[PDB]
Amino acid sequence: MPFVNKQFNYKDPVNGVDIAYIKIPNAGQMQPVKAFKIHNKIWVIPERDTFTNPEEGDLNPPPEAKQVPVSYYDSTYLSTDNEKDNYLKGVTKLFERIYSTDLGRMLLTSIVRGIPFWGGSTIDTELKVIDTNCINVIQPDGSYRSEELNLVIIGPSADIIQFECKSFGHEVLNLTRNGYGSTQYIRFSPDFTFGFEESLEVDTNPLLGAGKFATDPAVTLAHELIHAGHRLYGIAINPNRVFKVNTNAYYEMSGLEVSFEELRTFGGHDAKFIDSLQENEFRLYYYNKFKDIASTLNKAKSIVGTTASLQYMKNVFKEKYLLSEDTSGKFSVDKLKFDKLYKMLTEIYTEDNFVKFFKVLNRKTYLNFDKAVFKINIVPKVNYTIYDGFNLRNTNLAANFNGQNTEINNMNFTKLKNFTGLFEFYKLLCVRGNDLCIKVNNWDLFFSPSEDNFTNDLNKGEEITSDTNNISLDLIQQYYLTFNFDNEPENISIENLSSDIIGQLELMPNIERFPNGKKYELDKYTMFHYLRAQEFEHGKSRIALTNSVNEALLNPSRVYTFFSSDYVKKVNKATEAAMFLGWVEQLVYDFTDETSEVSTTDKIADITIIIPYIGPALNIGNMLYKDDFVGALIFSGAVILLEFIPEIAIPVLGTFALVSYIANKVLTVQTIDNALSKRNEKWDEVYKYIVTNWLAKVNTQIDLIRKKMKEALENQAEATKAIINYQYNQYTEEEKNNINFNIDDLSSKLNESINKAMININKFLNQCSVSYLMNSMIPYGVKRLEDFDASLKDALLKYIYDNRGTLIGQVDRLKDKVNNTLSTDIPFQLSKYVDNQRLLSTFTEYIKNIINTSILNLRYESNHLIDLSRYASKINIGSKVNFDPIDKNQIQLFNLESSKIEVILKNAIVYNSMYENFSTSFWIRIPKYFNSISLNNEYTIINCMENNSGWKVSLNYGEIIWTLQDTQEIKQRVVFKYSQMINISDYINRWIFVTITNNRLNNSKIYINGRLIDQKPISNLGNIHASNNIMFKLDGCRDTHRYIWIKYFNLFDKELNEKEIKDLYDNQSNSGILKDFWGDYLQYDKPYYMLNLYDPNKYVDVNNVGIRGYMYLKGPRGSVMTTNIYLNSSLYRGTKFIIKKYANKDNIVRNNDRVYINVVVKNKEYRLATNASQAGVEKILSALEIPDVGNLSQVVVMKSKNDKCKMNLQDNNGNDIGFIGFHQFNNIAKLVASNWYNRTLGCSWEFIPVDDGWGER
């Protein structure tokens, strides 16, 4: 679109309308300079910054450098006609490019409409234009004319890449802050650009380049134009309002002059650093300023120095500030229109939205600091395009943003020297030992916000009355459709000003330069030391990779490597000339496998993938080991990754005060409705504050971790490439002619391997960030929210009880609403707080699982019993508690005073009404009741009540109980029925899945093996204390040989429906592993008896040893019975089965695991197979002798699908022989292998091991 009408040449003659010599305001002197008018209210001066500041007319480097990240100074720049024409053409092309996009179109239209206020008159009834907001052009016939404008594009200052915005103010009035606005001057250069590293856009565009990525100049120009949009409208935040950051720590930065204006113009995650209190304060402040502008407009009635009328300027300022006019003509600022305008200018007119519309690559956060400046020539169409930019279409450079890479598009970018050396503004770090000091660049350090920037109004008592109360691309499109474009201000003639307009630049607050070179003494090799050990210089000596950070930092040639020692040894070895190439693909493949290595244990649901090499790369957790890193991560979580621990201090939420009302049912129910609604907004506000703190601290630390991982991978790749090049260049010339070796292909394959590893790292770090957010921040806020909800519930119950006179009939319905709504929490939805798609996907993956969304998960990890849900810190296990060596998750409790675990949920997490909506579940094994003492001996195994209020899990003879108790001593129970007087042990000494759901409002339920069985109402119960401790002890058990086998203890917060209980039952049932009769894991090389389902009373025996005798079933099995104690059927005695491995998962069998079946007869082990007949529909199996089985095939597959342990038997040729059916025959005593059952049936068997819980000899 034609943003610039005429194409301008610097050699063109002056006209006095579009091209002329102009005199901008200044103090000392003003020699006229040529200017270029490209559109309304915008002017271009292709001259270096020397005349807008009389004190800063110098272009040489200053004696003292600046606190900016990158700067390069040139004296004879923009001094020649051709170079100035280059500058002008670049600016014109950049304006056209920005105007092409819709957001750019909106921004530029707003810039044109934003005429600064005419409030420089002492007289209140006179709109006098401020002289410093207008310039003096010069006609070709000597006369000079004063003209109004908004923005001027000036060249850069002594520092070329200090792109800044400057303005001329008034003596006492703050033009850019009181909403008046002022003329802005932009110091810019479309031929210089920065370079930023990338570590996040690897999932969408895997096949991207390496090295540095060049910033699109249109992005920086849009940044400056957004600054102009802020300042012309006067909503510019005070420069002294700096986002204060701590400095005293070594890992922090010595200082950043970061302002809320930078955050406002950046957008995205940086804009979320401003807490709701401060942004609401700014909105109210600038709303009052807009009201003041409206009041000034109302009482003006006059303008001096314009041939036009008053209403023209009135309308211009109205269209600017979006004021509302009434019939009388008075102006008022509507809150909705002003909120729309402020939203558009604050969180919509952001650089990130432009980048999303430019479809280019930028720096994700403001904390991403540049390192190099690049010379670019934007004039020719082949180097830059209006529609597409550096990424030229229909060629190589379009895909994967190659047009902005500094190694593939080197014909468009030229590197320039950096005056700001990387070790000039540094924050020195020393590790005491031979002190090891590295001058870490100040712009390569952690971002630590201060606590003062985060202020909350939560600790306040709102008075509840009867009349109280995201921006994706879609909302940007919505405002684009509603935006107004065809209305732009004209250029009216103001009366001639002075010949030289006196003016002075607005005095920015004197920035106290932070003290350079601040030494720190440490005792730990931080991340910076490791990354410094991982780099080198392009010399010519032996670049030998070493696994020691200490030795790497003491030698420039040696480079630290965190990869496996085998790869290090391979890359270091001397290579024969012929074997050069083979070693090249060997190292390429080994490097790719090392980088893409996602491995280690998966005994955690919070984080799906754990990447171990981050351990010895960035020294996360102050350890450099794979196993140590994974173990400490499981033990702690994302806490170890963060270096400084965020400290969120939620205040005690002010109790709502209920206004009393009389003789008004409608008002008194609207009061309760408004209390519930404002409770909803309070939940929203606390969640938002938590999210803001998280994004400020944890996310920034994690992002620095991502960038450092990218740098570590790059350094390893470059070290490998350099040693490969050294080996190539070390050979003889003839051999070099033989070997057509290339370095571009090696670089490309290594870079793609790095990209894949980066995808892995990004997923891992997103998982860790969401882990910390949901584990260590949300519960803290939810505690205060729920305590406030309980206090509010009590107060509302008092209110409704008091006002029952006018609410007869509707008491219970309001009681129902108050009870139901308050006992049910409000779920956490990240889509309402963070719009990052990657973090959102990680959050969705986190919340789709139930194990991680709990409050207590007793799991055994790395020789320690921990809670995967970080809701407790002190789990005090007793000395007389045992874990199964095969499965350490198994935990067994005895009848000892020290067979206990003290689960202490810290008082900073637990709220009072935690056990109102309470759900618990645990797998349990209750052994057979042996002695008569168990009769009427109700023993409690799980205790939560300390004295009188809580829960208490008790068990009776064949009866599982769930006992509750309130303060007033009322007790309600729920019962499961299973009879010990049954022949088969369906539940005795078996594995029982017991789930209890407690809805205090309606009912309490108990679920056994995922089935509803019984429920007794508990709505009559009183208050329940949320005790600090959970007691795991069989207190009240008189039997001295009674124990339980508990595992998988989970506490939830909601009422878990049938579907979720079934899903958790299936998940913890471990369907991928065979189970014995008791439900434990099935093993190898161990005795195991045999049981049958379709014929449960068959006693398996043998008739003869060898092929001459087949397996037998010797009638009844016998029964076990003790009077008035128990009645079952004896399970032991008979033949014995042993599982022998054929084709690791040691001592554990999984689905489709081929094994050898071993049958023990008379202290001798025999094989179970038969390949002698191959007739009928079955094979009469026999106890085969000696490993000379030979042609007979005993391979057995356990098809442990959804369930009954199937026993599929195949041949040595791979074809299936059949299942073990019963007999298909007359005399019922055999064991066969029949294919009929392959196509409840008889193909069902169980294995009984010697269990001490049975007690049968």
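Just so it is clear, chain A uses Swiss-Prot numbers, and the residues here are 1-433, 451-486, 493-1166, 1169-1228, 1234-1269, 1277-1294, in order.
We read in the header that electron microscopy, 2.8 Å was used to get this structure.
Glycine is treated like the rest: Cβ placed from N, Cα and C.
Per Swiss-Prot, these features apply:
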BINDING   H223, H227, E262  Zn(2+) binding site
ACT_SITE  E224  active site
DISULFID  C1235-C1280  disulfide bond
MOTIF     1264-1267  motif 'Host ganglioside-binding motif'
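Rounded to a whole value, the Cα-Cα separation of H227 (Zn(2+) binding site) and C1235 (disulfide bond) is 72 Å.
The number of other Cβ atoms within 10 Å of the Cβ belonging to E262 (Zn(2+) binding site), over all protein chains shown, comes to 17.
Taken residue by residue, the motif 'Host ganglioside-binding motif' (1264-1267) breaks down under DSSP into 0 helix, 1 strand, 3 coil. For the pair the residue listed as 'active site' and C1280 (disulfide bond), the C-alpha distance works out to 77 angstrom.
Note that 17 residues are not built between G433 and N451; their Cα atoms stand 6 Å apart. Close to the recorded Zn(2+) site, the chain also has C165, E224, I226, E261, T265, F266, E351: residues not among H223, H227, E262 whose Cβ is within 8 Å of the site's Cβ mean position.
Looking only at other Cβ atoms within 10 Å, the busiest spot among the disulfide-bonded residues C1235, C1280 turns out to be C1280. Between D1228 and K1234, the deposited structure omits 5 residues, and the straight-line distance between their CA atoms comes to 6 Å. Gap check: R1269 and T1277 flank 7 missing residues, and their CA atoms are separated by 13 Å. Cα separation, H223 (Zn(2+) binding site) to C1235 (disulfide bond), rounded: 68 Å. For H223 (Zn(2+) binding site), the number of other Cβ atoms no farther than 10 Å from its own Cβ, over all displayed protein chains, is 20.
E262 (Zn(2+) binding site) sits 66 Å from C1235 (disulfide bond), taking the C-alpha atoms as the reference points. As deposited, the model skips 2 residues from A1166 to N1169; the distance between those two Cα positions rounds to 9 Å. If you draw a 10 Å sphere around the CB of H227 (Zn(2+) binding site), it holds 20 other CB atoms from the protein chains shown. Chain break remark: 6 residues absent between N486 and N493, end-to-end distance 20 Å (Cα atoms, rounded to whole Å).
The 10 Å shell around the Cβ of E224 (active site) contains 19 further Cβ atoms across the protein chains shown.
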